[PDB]
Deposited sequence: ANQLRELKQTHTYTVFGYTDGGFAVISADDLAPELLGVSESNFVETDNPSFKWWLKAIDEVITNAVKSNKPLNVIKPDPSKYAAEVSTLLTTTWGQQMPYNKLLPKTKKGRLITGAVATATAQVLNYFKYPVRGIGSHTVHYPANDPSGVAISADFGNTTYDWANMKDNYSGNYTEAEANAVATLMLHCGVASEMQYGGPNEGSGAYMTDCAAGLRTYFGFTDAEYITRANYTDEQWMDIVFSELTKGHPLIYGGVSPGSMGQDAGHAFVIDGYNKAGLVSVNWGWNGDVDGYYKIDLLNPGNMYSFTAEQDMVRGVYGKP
């Protein structure tokens, strides 16, 4: 008999643990749907920056709904148009520190970290096991604002990505070849995205427009493209999500603090999306995004971009 145990509470949401294991994020307002998110993973406090963004965005939309006395929308996938549901596609639980960042410069304040955009992109590329090799080469610098800083380079065109050595989970045991396989991919995804690298307490930040450009140029994803939510109604945006996942295409999603980014890799019948936050599996689960309508250019909800068009070729 599953019961709920309060773990954490704000004025807009409460995190409740489940006695069978897992947790839910719950609202309490006539203008919001009650269940906001749900995970099979037990809740533990985590630095997960992208989950932190999502909580701030939820708080913002709920408070704005209440102020404007407008119910939050609930958008469900139409099974006459899309798959009824798409269960979580990714098997990886990757993150931004060791061994993912093994190939990045060390600093007296800790080794540079991969960046959420790189971790999300690497997990999507690994899902497809594509490309076989990249194209060309590129260098960024640390600090990013110094053209003559420490060079961080990727030779994509001479790299055969070692897909067979990409482990799902690096939180316990792994070999050096498995560490190098994923670290190479992480470094290349960052350099391709024009990453602005930083140590553990600063983070590493990239723009989705640069992620999409680098995916075209250095990885050969001809169709890769960045789009931003402010250009779409909620219904139009969720139809893109449902259509892409129905086709088996996980989505790099995020926005810009070194930003937030994650992978949407499924959805359920009630329209919650499966999210891989790229924080070692911490709090991965199903979460609402339909109700995150973009606000002014300065709101948390305005920070929602996606890169679509990433998949193998016929």
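S.K.: Give me the ranges of the deposited sequence that have no CA atoms here, in sequence order.
M.R.: Unobserved in coordinates, per deposited numbering: 257 to 263, one stretch.
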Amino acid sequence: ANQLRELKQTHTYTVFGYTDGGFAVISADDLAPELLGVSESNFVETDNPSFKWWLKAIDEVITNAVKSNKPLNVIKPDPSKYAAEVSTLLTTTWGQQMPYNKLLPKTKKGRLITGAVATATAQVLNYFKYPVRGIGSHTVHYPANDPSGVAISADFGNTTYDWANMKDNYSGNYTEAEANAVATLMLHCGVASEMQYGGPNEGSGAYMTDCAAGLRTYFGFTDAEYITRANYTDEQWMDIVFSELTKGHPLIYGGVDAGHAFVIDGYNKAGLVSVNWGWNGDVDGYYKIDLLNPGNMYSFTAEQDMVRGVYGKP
From here on, numbers count along this sequence of modelled residues.
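S.K.: Name the higher of the two by mean Cα B-factor in the PDB entry, 266 to 274 versus 42 to 50.
M.R.: Per the PDB entry, the higher value belongs to 42 to 50.
S.K.: According to the deposited model, is the average Cα temperature factor higher in 198 to 206 or in 177 to 185?
M.R.: According to the entry, 198 to 206 carries the higher average C-alpha B-factor.
S.K.: Which one of 143, 115, 79, 136 shows the top CA temperature factor in the record?
M.R.: The listed residue with the largest C-alpha B-factor is 79.
S.K.: Ranking the modelled residues of this chain by C-alpha B-factor as given in the entry, is residue 172 in the lowest, middle or highest third?
M.R.: For residue 172, whose C-alpha B-factor we compare with every modelled residue in the chain, the answer is the highest third.
S.K.: Report the third (lowest, middle or highest) to which the CA temperature factor of residue 36 belongs, ranking only the modelled residues of the same chain.
M.R.: For residue 36, whose C-alpha B-factor we compare with every modelled residue in the chain, the answer is the lowest third.
S.K.: Give the position of residue 149 by CA B-factor within its chain, expressed as the lowest, middle or highest third.
M.R.: According to the entry, residue 149 has a C-alpha B-factor in the chain's middle third.
S.K.: Quick check for you: using the entry's CA B-factors within this chain, is residue 69 in the lowest, middle or highest third?
M.R.: Within its chain, residue 69 is a highest-third residue by C-alpha B-factor, going by the deposited values.
S.K.: By its CA B factor, does residue 258 count among the lowest, middle or highest third of the modelled residues in the chain?
M.R.: Top third by C-alpha B-factor.
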